[PDB]
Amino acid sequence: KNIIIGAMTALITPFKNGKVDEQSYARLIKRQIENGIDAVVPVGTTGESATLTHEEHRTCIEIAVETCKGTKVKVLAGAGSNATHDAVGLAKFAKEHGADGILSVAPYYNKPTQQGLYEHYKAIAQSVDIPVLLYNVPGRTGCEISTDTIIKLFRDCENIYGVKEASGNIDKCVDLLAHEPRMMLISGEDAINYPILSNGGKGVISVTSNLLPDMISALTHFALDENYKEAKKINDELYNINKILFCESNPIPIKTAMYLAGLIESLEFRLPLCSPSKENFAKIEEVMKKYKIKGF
């Protein structure tokens, strides 16, 4: 199976005067590349995929693909939907624009059954010839890809090679790798990056890496080299920032942090996302002071 693993970043999407700030987007991708990141995830959850037009969706993927040419860095494009016809289109669309693989979130809101989830991903996987990584985040979608469904899709679809897990369920992560040890379990939850990696996970798709790519990159590769004492020691230092980056709904805290670090010009979201509370703004600022934030 072709895979995309290692330290990966769910890229924020910076806005300037309500439009996508395309040059800062490219500049941020160069900061990830230069700090040990192995792949970037454009237009994911952290990238406010829900409020981007199809043209901006395309724009961010092509900026990501263009910026990563000549590097080892891959583009794992966000291309998921709660309508299978749309998800197939976004999958074919991300492939036609040079993405190395697609991250495909479980259908949100309309909550399909396991049989429906199977047919959903089977249709997506059969529409492209690039790796497909499942994305399970039940707190956001209202549904759960069961361990059995993930394993069947991994075994039945050639390009489906693993799953982003954002479920705070280390039991499920043991379930997955004990029954199907060939899948690429990817952590979608920064605080438990090390426990997932130490059980056989092969990478992270990180929110914290937007701000601290070098630390998330070092953590993952220490762990992949089975240097678990150095991986756990980075995981332990990151716990405070990992948690505070979710004091409000992601990506509200991480964009707040990027703005506080001077990495983006405007603290702009698209509604229904908005600036954090004045408290949470202050709490994020306080926790940031205990970390060294790389510049450009």
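Numbering starts at 1 and runs along the sequence shown.
J.: Which of the two stretches, 124-132 or 187-195, shows the higher mean Cα temperature factor in the record?
T.: 124-132 has the higher mean C-alpha B-factor.
J.: Select one of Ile150, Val105, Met215, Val73: the residue whose C-alpha shows the highest B-factor in the crystal structure entry.
T.: Comparing C-alpha B-factors across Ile150, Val105, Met215, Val73, the maximum falls on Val73.
J.: Can you tell me whether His85 has a C-alpha B-factor in the lowest, middle or highest third compared with the other modelled residues of the same chain?
T.: Within its chain, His85 is a middle-third residue by C-alpha B-factor, going by the deposited values.
J.: Ranked by Cα temperature factor within the chain, is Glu237 in the lowest third, the middle third or the highest third?
T.: For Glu237, the deposited C-alpha B-factor lands in the highest third.
J.: How does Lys172 rank on Cα B-factor within its chain, lowest, middle or highest third?
T.: As the PDB entry reports it, the C-alpha B-factor of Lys172 lands in the middle third of its chain.
J.: Split into thirds by Cα B-factor across the chain's modelled residues, where does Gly139 land: lowest, middle or highest?
T.: CA B-factor rank for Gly139: lowest third.
J.: Could you look up the Cα B-factor of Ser49 in the entry and say which third of the chain it sits in: lowest, middle or highest?
T.: It falls in the middle third of the chain.
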